[PDB]
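What follows is a set of notes on a single structure, which appears directly below.
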Amino acid sequence: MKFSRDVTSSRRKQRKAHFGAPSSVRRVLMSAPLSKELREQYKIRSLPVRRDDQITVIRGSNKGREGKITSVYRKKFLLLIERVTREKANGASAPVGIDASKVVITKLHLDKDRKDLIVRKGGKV
Amino acid sequence: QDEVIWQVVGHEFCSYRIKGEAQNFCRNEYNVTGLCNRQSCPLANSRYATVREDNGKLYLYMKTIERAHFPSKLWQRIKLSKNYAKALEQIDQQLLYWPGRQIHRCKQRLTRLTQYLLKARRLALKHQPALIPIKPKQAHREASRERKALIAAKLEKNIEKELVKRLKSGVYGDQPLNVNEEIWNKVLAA
Amino acid sequence: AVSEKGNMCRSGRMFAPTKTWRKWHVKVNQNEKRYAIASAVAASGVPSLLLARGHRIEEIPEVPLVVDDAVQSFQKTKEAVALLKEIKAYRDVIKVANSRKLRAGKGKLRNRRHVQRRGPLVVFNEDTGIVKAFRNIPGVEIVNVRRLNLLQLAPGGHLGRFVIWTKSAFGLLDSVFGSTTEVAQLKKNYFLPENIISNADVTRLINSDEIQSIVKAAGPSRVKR
Amino acid sequence: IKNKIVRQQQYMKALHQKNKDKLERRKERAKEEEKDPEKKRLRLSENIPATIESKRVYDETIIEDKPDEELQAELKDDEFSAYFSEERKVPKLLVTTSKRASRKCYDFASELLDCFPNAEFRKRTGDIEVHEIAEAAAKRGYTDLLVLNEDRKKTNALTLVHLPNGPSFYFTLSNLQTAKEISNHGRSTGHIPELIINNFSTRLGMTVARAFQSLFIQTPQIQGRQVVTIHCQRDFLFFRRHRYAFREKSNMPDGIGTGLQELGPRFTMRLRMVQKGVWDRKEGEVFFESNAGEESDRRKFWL
Amino acid sequence: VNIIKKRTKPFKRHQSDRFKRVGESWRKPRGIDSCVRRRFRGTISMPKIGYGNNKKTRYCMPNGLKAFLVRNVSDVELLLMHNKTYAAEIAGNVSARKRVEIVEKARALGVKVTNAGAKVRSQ
Amino acid sequence: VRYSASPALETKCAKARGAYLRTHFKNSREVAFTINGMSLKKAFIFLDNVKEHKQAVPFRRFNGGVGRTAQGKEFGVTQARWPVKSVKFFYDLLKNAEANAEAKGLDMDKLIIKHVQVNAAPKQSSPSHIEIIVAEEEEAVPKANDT
Amino acid sequence: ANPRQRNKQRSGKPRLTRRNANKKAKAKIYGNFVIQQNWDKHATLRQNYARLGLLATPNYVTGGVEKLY
RNA sequence: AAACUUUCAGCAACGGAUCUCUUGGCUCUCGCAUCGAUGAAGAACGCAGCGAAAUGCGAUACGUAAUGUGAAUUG
RNA sequence: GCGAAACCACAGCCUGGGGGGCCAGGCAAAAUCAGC
RNA sequence: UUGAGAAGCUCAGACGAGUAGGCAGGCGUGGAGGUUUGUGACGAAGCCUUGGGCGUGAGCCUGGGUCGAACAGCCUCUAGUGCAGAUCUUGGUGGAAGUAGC
RNA sequence: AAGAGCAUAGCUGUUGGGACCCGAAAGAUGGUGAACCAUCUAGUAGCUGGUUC
RNA sequence: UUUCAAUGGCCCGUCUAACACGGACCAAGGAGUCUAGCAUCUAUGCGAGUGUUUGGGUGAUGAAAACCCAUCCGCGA
RNA sequence: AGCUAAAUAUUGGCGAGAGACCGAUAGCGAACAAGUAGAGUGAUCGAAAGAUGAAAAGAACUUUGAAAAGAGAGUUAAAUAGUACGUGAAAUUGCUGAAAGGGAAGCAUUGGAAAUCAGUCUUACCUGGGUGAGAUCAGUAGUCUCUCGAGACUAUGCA
């Protein structure tokens with residue numbers, strides 16, 4: 001259980017602060033688990049999701065399709081991966097929203113910011 | 001320590017009781033009759049004797065006052081022989097000088113556990129149909145795609161499209177008998 | 001209560017609005033409270049009032065179950081799951097783990113979503129890690145021997161709560177409740193109650209030699225028609 | 001939009017523009033096609049309406065009509081040979097039923113026997129099993145063996161075996177109709193009926209469809225002009241027995257189009273299991289089992 | 001003992017056939033103006049304790065076995081010693097798989113399951 | 001759309017429908033139950049006479065104050081009238097009743113009106129829903145001689 | 001519900017969230033440094049004073065003191 | 001007999017109950033003390049790339065600077 | 001062509017007897033319109 | 001001879017309208033604690049039914065269809081807990097009628 | 001004339017509060033416009049209707 | 001179940017024989033509830049006693065819960 | 001003549017944690033555009049209105065039609081989810097099927113005719129010999145947990 005009088009357990013307060021969080025909170029709520037090969041070389045359980053990562057999809061109907069993230073859609077809480085596209089009737093293709101909690105990260109888009117987050121948060125390069 | 005544990009569990013609340021409409025039933029595993037009676041409840045009655053199978057072979061379970069406070073070691077066990085007259089003569093020699101009511105139960109739950117193995121063995125050896133589940137999601141899908149696939153074949157139209165092609169190719173003798181006299185000449189024109 | 005500012009019309013007020021000075025709490029004399037914990041602890045020493053109360057203790061080695069004093073310094077919860085399996089109490093904890101179900105109705109729109117059962121109750125003496133070790137096992141409640149609560153010794157009103165006692169708190173059961181003729185030391189003017197029947201078993205006097213020598217000649221059972 | 005009144009006014013006005021410019025796309029197209037019917041052609045050769053039969057999954061076992069020898073080397077020497085070779089074995093059917101069947105299962109068991117001459121009816125009595133029936137029925141000059149399997153006074157499934165070792169097929173009847181229920185029905189006669197079988201592109205299509213050719217007499221009387229159909233369409237095996245009469249119909253290009261009158265029954269099957277060997281539901285080897293989860297795609301067909 | 005019913009037509013609240021607001025479950029009339037309350041002849045009858053049925057052949061199906069809701073596989077086990085006086089009625093919300101396992105075990109106990117055939121098409 | 005009629009098979013039948021038609025409900029019905037069960041091309045010659053006052057349609061059910069005519073006795077009904085707005089709407093539908101078999105490729109000169117339906121609509125007057133079924137007449141093959 | 005407080009919720013500017021309320025953290029000792037050492041923060045005031053030698057009151061206490069043994 | 005009316009059943013309409021939810025209410029509790037002539041609360045008008053009973057903002061107008069997070073926005 | 005509303009226990013034949021309904025009688029055919 | 005839920009079991013007689021009123025036992029609805037090693041995407045609740053079953057009755061159990069996420073039995077606690085009616089409140093829909101009428 | 005009471009809970013009753021629901025002209029206070037508007041007010045029954053297994 | 005036959009069957013509630021008054025129908029809402037005081041009966045705890053909760057102490061696991069209790073005091077004697 | 005903390009009050013203001021509360025006619029008038037729309041010259045009065053789907057994949061394309069739409073189609077697991085969108089009750093309306101109707105139906109009781117439904121009846125039961133299998137049998141050897149023997153076993157024979 002929780003033993004703090006400054007955290008909330010009501011579904012009302014928790015389910016409002018989720019669906020109406022700003023687009024900076026909506027970033028760390030869209031995080032992905034790292035692969036078992038990266039979990040031991042960065043010593044990080046999970047990273048927040050950037051654009052242009054290198055992921056694989058574990059759950060859902062699009063199982064196992066690998067790609068890179070095209071447009072991290074922070075509003076409707078879903079990633080958008082390359083070439084995983086449900087068709088449309090007209091002839092154009094539509095993007096399929098894969099949840100950011102389903103994908104497994106296989107290669108980070110390492111930058112100066114991420115490294116300065118990696119090297120302090122329990123790991124190294 | 002017995003009417004205490006019957007005026008608590010027999011009349012206020014017991015987790016094994018089942019409110020039937022003409023009876024009440026006990027969900028205990030060591031009940032000899034299945035009902036929540038005074039002379040049947042295994043919690044109030046503090047010297048008890050039940051018969052219950054375990055993996056093919058029927059057992060006899062007995063308890064006493066002097067082991068009541070040791071719930072692990074409370075029930076002892078005797079394995080009952082296959083010969084039905086031997087088992088009755090082995091219940092009595094173990095349940096001697098116990099009340100006649102209790103030994104009556106064990107012998108009746110020996111007749112009732114032997115009839116269960118003598119039936120479920122014959123029942124297992126017969127060849128009987130397979131009870132397979134129906135599924136509402138996959139019988140509403142069939143009914144949906146049936147009429148969408150029944151009208152999407154023009155069932156009557158494709159019959160007649162080849163039926164004349166079966167005629168016009170001439171799989172029947174030149175002048176057949178299933179055709180009238182006039183329209184065959186149109187096939188001759190064809 | 002509804003806000004204070006015709007009950008048949010729509011948009012109208014509700015008939016006789018509920019009011020916050022409803023009697024929500026209720027007084028009970030301290031000697032009937034002190035009687036209930038006395039009675040509900042005795043039920044925790046009866047191996048058959050625990051089964052009927054819905055506990056899977058059908059493998060426990062003894063009742064009342066008194067583990068040693070070293071259990072008060074258990075630090076990690078994998079040193080508590082260790083204990084509850086050697087003494088075969090873990091079948092109760094599995095009864096609590098296997099049996100959470102979503103609350104039937106609008107309790108779950110109201111911050112209570114998950115009903116479950118009540119596992120063992122661990123009564124300690126000194127809090128040297130025993131509370132923090134056991135407090136993340138389903139079902140297990142931990143209380144000091146002095147501040148024993150009735151809502152945990154008879155949850156729902158049904159006596160026979162499975163209590164696992166600690167040796168250092170089993171000793172303090174004679175200074176919190178005392179005896180029937182001797183004052184409990186941790187309570188001013190407490191004496192344990194006595195009984196309206198001296199022998200707790202009334203169908204075993206009737207069959208004694210004191211009664212069945214004097215009684216008149218018996219009739220039959222259910223009579224013939 | 002979290003409102004409901006705004007959401008169906010903002011959409012009403014949005015639709016009434018999408019319902020306007022579609023006419024504005026087709027009005028300007030309307031004037032150039034009657035000046036130039038050649039642009040009318042291309043579009044028609046371009047935008048043919050797409051349908052499920054045209055947007056199938058690409059399955060490589062669609063046997064083309066070009067005769068490849070490895071096909072006809074197989075199926076000229078199988079156990080269906082006697083009903084396809086020069087011998088032309090007239091197949092003698094045995095139609096049993098499920099155990100302890102009811103009245104509503106027996107009036108359907110006369111409608112199939114209307115379809116099938118050279119077919120007896122023998123109600124299953126007491127304790128006998130299908131594997132023991134097949135060996136007991138092959139010794140008396142029988143070829144195939146149907147089993148109508150009702151439940152709760154409705155017939156739901158049908159299995160036919162092939163004797164003495166042939167493939168055994170477990171369909172399930174659906175959308176069942178009798179001969180009385182159909183509007184504008186007809187009387188059947190003693191004439192042996194004629195066959196048509198359509199759209200069995202898959203190789204397994206030409207394994208079931210031969211086991212449906214195997215129940216009918218290999219040369220029918222034509223005086224009755226009776227036709228029986230086995231039309232696969234989206235993996236449903238439609239069964240419709242008709243009686244025809246050729247009459248002039250100007251719409252279809254030959255000018256002569258017949259008119260059908262149904263006889264009954266009207267049932268429709270799936271395909272669930274296929275076993276080479278007599279049908280034992282637990283002691284058998286599966287030639288093809290129906291995956292009830294890989295048929296979700298309406299563009300995936302196995303028949 | 002052969003089962004018997006003192007009545008077979010249930011009772012039907014007065015004028016619950018004319019009006020659609022008034023339901024058919026019985027409600028004793030409360031007015032002394034009533035024709036029914038004073039029990040005028042020709043009007044409908046009433047539930048009384050006279051129509052109570054035999055205290056031994058009560059709750060029995062026309063076969064003779066009383067009913068019993070078995071909602072899981074260990075609720076039919078209690079009926080082991082009572083297979084000639086109880087019929088194991090399966091509850092309605094039980095899944096079409098947990099149902100097919102009660103039937104295969106109640107059949108070993110010789111217990112009549114009244115609606116074993118639901119959701120279970122046999123092959 | 002899920003229609004109200006057991007007929008209208010894919011074989012020899014076609015359907016159209018018209019929803020939210022801003023006419024009266026008690027006026028298109030008596031038209032609808034007159035044209036029902038008739039052949040298609042005859043119904044066209046029938047209703048155009050209503051448009052030129054050459055034939056009146058009887059008012060059987062909703063016969064409120066309908067004056068007697070001389071031609072209402074062709075069917076035996078006392079009262080009849082010449083509605084023009086409602087039969088204008090039916091002509092629009094029956095064009096789609098044709099032009100749907102014209103796309104399915106049926107036989108047009110055996111085409112009867114099988115099932116005409118007239119319902120109500122969500123009130124804004126008394127608007128209407130209409131669905132129509134046109135079907136071929138389900139001919140009969142002569143029986144083969146004897147066996 | 002209120003005109004002031006309909007305003008912030010219908011807006012999109014976060015509330016001035018100030019988490020400033022947890023019990024059971026009894027105020028740590030300043031003023032003196034020796035008593036800061038021998039204080040144990042969980043134990044209540046009257047159990048610290050009458051452990052390390054001092055009184056909370058020189059007068060009478062108007063309640064029944066705790067008895068643990 | 002057909003029609004019409006009534007009754008039953010099936011289907012299609014009407015209609016929005018029941019059931020399930022719930023960024024809302026209502027109630028109790030806890031911490032805190034902070035509007036204005038240095039122009040408050042309120043009003044009007046404007047400002048969005050495409051905005052329409054809404055929001056934010058003031059011609060630096062759906063805001064700039066400074067810090068922090070760290071690569072989005074979205075129709 | 002558009003198109004209400006009031007009103008609405010269920011209703012609708014007469015004679016006599018205790019009113020539309022009860023008792024005993026006269027009788028009794030659809031579906032409608034105009035005076036009344 | 002087992003019929004010890006001694007709150008059970010059993011034997012025998014008489015009795016049976018009922019107003020104001022008095023007494024007793026039960027049925028059902030929303031939430032709360034305990035319990036059913038409780039039911040549920042193989043379809044929970046609801047809803048419909050020319051299906052079956054129980055109770056004297058309030059009611060309950062169930063087959064079929066529909067449907068799509070939760071729900072119930074038992075022992076207690078609790079109440080905003082039961083509708084035919086109030087020229088009842090809100091909503092929906094009828095006959096008068098395609099009449100009155102423009 | 002060798003004390004029987006105190007406390008808690010439940011039932012029914014009784015008074016007092018809005019007091020089973022609804023209906024019954026009033027007056028006051030403060031305003032708007034040249035009578036109306038809120039508020040006390042949940043004004044007033046001896047009484048009229050209704051009051052749910 | 002639908003219907004037929006035979007026989008019976010004055011429309012419901014409020015009123016005070018008929019009436020009158022209410023009723024077009026369907027759905028959801030909708031009426032002896034909360035609190036204080038007094039009295040009776042019953043239950044329980046203690047008993048010449050009885051009553052913890054104004055407060056104080058305590059409560060690491062909803063710490064508004066539970067638990068403990070000084071000095072008065074109320075009712076009775 | 002004057003000042004002064006703390007204990008105390010707090011339907012408002014800035015936050016916070018809860019609840020045996022209401023669950024879209026309820027709970028604030030206001031879950032949604034709400035003191036908004038709208039009404040009054042004015043003070044003031046003041047509503048109705050939540051839910052497609054997991055993902056809009058919100059129906060390409062062909063054709064009739066001036067339009068609206070309709071039909072073929074097509075997406076979906078579901079269109080028996082098409083923005084008149086979760087489930088979709090009753091009144092009430094139209095069609096179809098079967099009935100009934102001589103200036104009253106309605107209901108109750110006993111039965112005819114039509115339709116239809118259920119019942120375990122499916123099979124089970126019980127009795128000898130012979131053949132094979134072993135186990136609770138061995139004029140038998142071992143292990144473990146409990147308490148000499150009581151169960152669980154592993155061998156080997158199956159007398």
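Ordered as shown in the structure tokens, chains take letters A, B, and onward, while each chain numbers its residues from 1 and ligands are numbered from 1 in the order shown.
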Inset, instruction - Pull out every residue of chain B sitting within 12 Å of chain J, counting only C-alpha atoms (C1' of nucleotides), and send them as a PyMOL selection string. - result: chain B and resi 3+6-29+35-41+44-45+99-108+132-140
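If we count only C-alpha atoms (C1' of nucleotides), these residues of chain J sit within 6 Å of chain C: residues 10, 11, 33, 34, 71 and 89 of chain J.
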Dump N, CA, C and O atoms (P, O5', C5', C4', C3', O3' and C1' of nucleotides) for the selected residues as a PDB file, in the first residue's frame?
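Saved the output as again-v5.pdb:
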```
ATOM      1  P     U J  10     -40.403 -36.204  11.077  1.00  0.00           P
ATOM      2  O5'   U J  10     -41.322 -36.918  12.156  1.00  0.00           O
ATOM      3  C5'   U J  10     -41.053 -38.248  12.557  1.00  0.00           C
ATOM      4  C4'   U J  10     -41.758 -38.591  13.840  1.00  0.00           C
ATOM      5  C3'   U J  10     -43.256 -38.379  13.862  1.00  0.00           C
ATOM      6  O3'   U J  10     -43.954 -39.424  13.214  1.00  0.00           O
ATOM      7  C1'   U J  10     -42.308 -37.545  15.852  1.00  0.00           C
ATOM      8  P     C J  11     -45.362 -39.152  12.493  1.00  0.00           P
ATOM      9  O5'   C J  11     -46.422 -39.358  13.662  1.00  0.00           O
ATOM     10  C5'   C J  11     -46.393 -40.528  14.459  1.00  0.00           C
ATOM     11  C4'   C J  11     -47.318 -40.417  15.641  1.00  0.00           C
ATOM     12  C3'   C J  11     -48.665 -39.772  15.391  1.00  0.00           C
ATOM     13  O3'   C J  11     -49.590 -40.632  14.755  1.00  0.00           O
ATOM     14  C1'   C J  11     -47.750 -38.932  17.390  1.00  0.00           C
ATOM     15  P     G J  33     -16.591  -3.322   2.537  1.00  0.00           P
ATOM     16  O5'   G J  33     -16.386  -3.487   4.103  1.00  0.00           O
ATOM     17  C5'   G J  33     -15.300  -4.234   4.607  1.00  0.00           C
ATOM     18  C4'   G J  33     -15.713  -5.089   5.774  1.00  0.00           C
ATOM     19  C3'   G J  33     -15.610  -6.584   5.575  1.00  0.00           C
ATOM     20  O3'   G J  33     -14.287  -7.070   5.653  1.00  0.00           O
ATOM     21  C1'   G J  33     -17.673  -6.097   6.559  1.00  0.00           C
ATOM     22  P     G J  34     -13.729  -8.014   4.488  1.00  0.00           P
ATOM     23  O5'   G J  34     -14.062  -9.469   5.027  1.00  0.00           O
ATOM     24  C5'   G J  34     -13.974  -9.755   6.412  1.00  0.00           C
ATOM     25  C4'   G J  34     -14.875 -10.895   6.804  1.00  0.00           C
ATOM     26  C3'   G J  34     -14.899 -12.073   5.853  1.00  0.00           C
ATOM     27  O3'   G J  34     -13.787 -12.930   5.997  1.00  0.00           O
ATOM     28  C1'   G J  34     -17.101 -11.503   6.439  1.00  0.00           C
ATOM     29  P     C J  71     -21.296  -4.559 -11.791  1.00  0.00           P
ATOM     30  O5'   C J  71     -21.697  -6.050 -11.432  1.00  0.00           O
ATOM     31  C5'   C J  71     -22.804  -6.659 -12.071  1.00  0.00           C
ATOM     32  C4'   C J  71     -22.905  -8.129 -11.761  1.00  0.00           C
ATOM     33  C3'   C J  71     -23.249  -8.501 -10.336  1.00  0.00           C
ATOM     34  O3'   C J  71     -24.617  -8.321 -10.035  1.00  0.00           O
ATOM     35  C1'   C J  71     -21.522  -9.895 -11.110  1.00  0.00           C
ATOM     36  P     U J  89     -48.106  17.279 -12.649  1.00  0.00           P
ATOM     37  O5'   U J  89     -46.731  16.997 -11.905  1.00  0.00           O
ATOM     38  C5'   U J  89     -45.849  18.060 -11.593  1.00  0.00           C
ATOM     39  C4'   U J  89     -44.424  17.702 -11.919  1.00  0.00           C
ATOM     40  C3'   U J  89     -44.095  17.555 -13.395  1.00  0.00           C
ATOM     41  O3'   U J  89     -43.803  18.797 -14.013  1.00  0.00           O
ATOM     42  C1'   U J  89     -43.260  15.693 -12.206  1.00  0.00           C
TER      43        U J  89
END
```
Inset, instruction - Give the residues of chain C that lie within 9 Å of chain B; count only C-alpha atoms, and format the answer as a list in words. - result: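 Result: residues 45, 46, 47, 48, 49, 51, 52, 53, 54, 57, 58, 59, 60, 61, 62, 63, 64, 88, 158, 159, 200, 201, 202 and 203 of chain C.
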Inset, instruction - Run DSSP on the backbone and give me the residues of chain E it puts in strand (DSSP E), as a list in words. - result: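 Checking each residue of chain E, the strand (DSSP E) ones are residues 66, 67, 68, 69, 70, 86, 87, 88, 89, 90, 112 and 113 of chain E.
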Inset, instruction - Rank E:100, E:91, E:35, E:1 by their smallest atom-to-atom distance to chain L, using only C-alpha atoms (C1' of nucleotides), and report the top residue only. - result: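 Distance minimum relative to chain L lands on E:35.
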Inset, instruction - Within 10 Å of residue 127 (chain F), counting only C-alpha atoms (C1' of nucleotides), which residues show up once you throw out same-chain ones fewer than 4 positions away? Write them as a PyMOL selection string, please. - result: chain F and resi 19-26+119-123
Pull N, CA and C atoms from the residues just selected and write them as a PDB file, in the first residue's frame.
```
ATOM      1  N   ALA F  19     -35.966   7.224 -47.247  1.00  0.00           N
ATOM      2  CA  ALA F  19     -36.081   7.549 -45.837  1.00  0.00           C
ATOM      3  C   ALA F  19     -36.217   9.052 -45.654  1.00  0.00           C
ATOM      4  N   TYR F  20     -36.947   9.436 -44.607  1.00  0.00           N
ATOM      5  CA  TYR F  20     -37.165  10.838 -44.257  1.00  0.00           C
ATOM      6  C   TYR F  20     -37.778  11.604 -45.425  1.00  0.00           C
ATOM      7  N   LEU F  21     -38.887  11.082 -45.932  1.00  0.00           N
ATOM      8  CA  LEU F  21     -39.602  11.695 -47.042  1.00  0.00           C
ATOM      9  C   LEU F  21     -40.676  12.615 -46.479  1.00  0.00           C
ATOM     10  N   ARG F  22     -40.552  13.911 -46.760  1.00  0.00           N
ATOM     11  CA  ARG F  22     -41.401  14.928 -46.139  1.00  0.00           C
ATOM     12  C   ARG F  22     -42.774  14.987 -46.813  1.00  0.00           C
ATOM     13  N   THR F  23     -43.497  13.881 -46.700  1.00  0.00           N
ATOM     14  CA  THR F  23     -44.894  13.796 -47.094  1.00  0.00           C
ATOM     15  C   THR F  23     -45.713  13.369 -45.882  1.00  0.00           C
ATOM     16  N   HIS F  24     -46.999  13.137 -46.100  1.00  0.00           N
ATOM     17  CA  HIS F  24     -47.824  12.638 -45.017  1.00  0.00           C
ATOM     18  C   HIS F  24     -47.665  11.130 -44.892  1.00  0.00           C
ATOM     19  N   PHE F  25     -47.983  10.617 -43.709  1.00  0.00           N
ATOM     20  CA  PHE F  25     -47.898   9.184 -43.485  1.00  0.00           C
ATOM     21  C   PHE F  25     -49.198   8.467 -43.807  1.00  0.00           C
ATOM     22  N   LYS F  26     -50.339   9.101 -43.556  1.00  0.00           N
ATOM     23  CA  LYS F  26     -51.637   8.515 -43.855  1.00  0.00           C
ATOM     24  C   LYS F  26     -52.058   8.713 -45.301  1.00  0.00           C
ATOM     25  N   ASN F 119     -43.473   3.469 -43.323  1.00  0.00           N
ATOM     26  CA  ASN F 119     -43.306   3.646 -41.889  1.00  0.00           C
ATOM     27  C   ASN F 119     -43.342   5.131 -41.545  1.00  0.00           C
ATOM     28  N   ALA F 120     -43.135   5.425 -40.266  1.00  0.00           N
ATOM     29  CA  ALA F 120     -43.093   6.795 -39.785  1.00  0.00           C
ATOM     30  C   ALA F 120     -41.648   7.289 -39.780  1.00  0.00           C
ATOM     31  N   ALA F 121     -41.428   8.478 -39.236  1.00  0.00           N
ATOM     32  CA  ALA F 121     -40.103   9.072 -39.176  1.00  0.00           C
ATOM     33  C   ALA F 121     -40.017   9.920 -37.920  1.00  0.00           C
ATOM     34  N   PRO F 122     -38.809  10.239 -37.460  1.00  0.00           N
ATOM     35  CA  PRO F 122     -38.682  11.157 -36.322  1.00  0.00           C
ATOM     36  C   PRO F 122     -39.284  12.508 -36.660  1.00  0.00           C
ATOM     37  N   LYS F 123     -40.344  12.868 -35.939  1.00  0.00           N
ATOM     38  CA  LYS F 123     -41.046  14.113 -36.218  1.00  0.00           C
ATOM     39  C   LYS F 123     -40.126  15.313 -36.040  1.00  0.00           C
TER      40      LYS F 123
END
```
Inset, instruction - Show me which bits of chain I are within 12 Å of chain F, counting only C-alpha atoms (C1' of nucleotides), as a list in words. - result: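 Residues satisfying the distance criterion: residues 1, 2, 3, 4, 31, 32, 33 and 34 of chain I.
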Inset, instruction - Would you mind writing down, as a list in words, each residue of region 5-120 of chain E that DSSP on the backbone assigns to helix (DSSP H, G or I)? - result: residues 49, 50, 51, 77, 78, 79, 80, 98, 99, 100, 101, 102, 103, 104, 105 and 106 of chain E
Inset, instruction - Please provide the set of residues having any atom within 10 Å of residue 82 (chain E), restricted to only C-alpha atoms (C1' of nucleotides), with same-chain residues fewer than 5 positions apart removed, written as number ranges by chain. - result: B: 33-35, 112; E: 65, 77, 87, 109-111
Inset, instruction - Would you mind reading off the distance between CA of residue 5 (chain A) and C1' of residue 25 (chain H), one decimal, in Å? - result: 23.7 Å
Residues of region 117-212 of chain C at most 8 Å from region 55-69 of chain G: nearest atom pair and distance in Å, only C-alpha atoms, as CSV:
```
residue,atom,partner,partner_atom,distance
C:146,CA,G:68,CA,7.6
C:172,CA,G:69,CA,7.9
C:175,CA,G:69,CA,7.8
C:186,CA,G:67,CA,6.3
```
What does the file look like for those residues with C-alpha atoms, as a PDB file, in the first residue's frame?
```pdb
ATOM      1  CA  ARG C 146      -1.804  -4.623  23.743  1.00  0.00           C
ATOM      2  CA  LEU C 172       1.783 -10.827  27.706  1.00  0.00           C
ATOM      3  CA  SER C 175      -1.109  -9.276  31.958  1.00  0.00           C
ATOM      4  CA  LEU C 186      -2.363  -3.726  31.967  1.00  0.00           C
TER       5      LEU C 186
END
```
Legend entry - Residues of chain G within 9 Å of chain A, counting only C-alpha atoms, as a count of residues only: 7
Legend entry - Selection near residue 29 (chain M), 9 Å with only C-alpha atoms (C1' of nucleotides), sequence-local residues under 3 positions removed, as a count of residues only: 4
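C1' of residue 64 (chain M) is found 19.6 Å from CA of residue 41 (chain D).
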Inset, instruction - Give me, as a ChimeraX atom specification, the contact residues of chain L against chain C at a cut-off of 10 Å, counting only C-alpha atoms (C1' of nucleotides). - result: /L:29-31,33-35,44-46,51-53,58-61,65-69
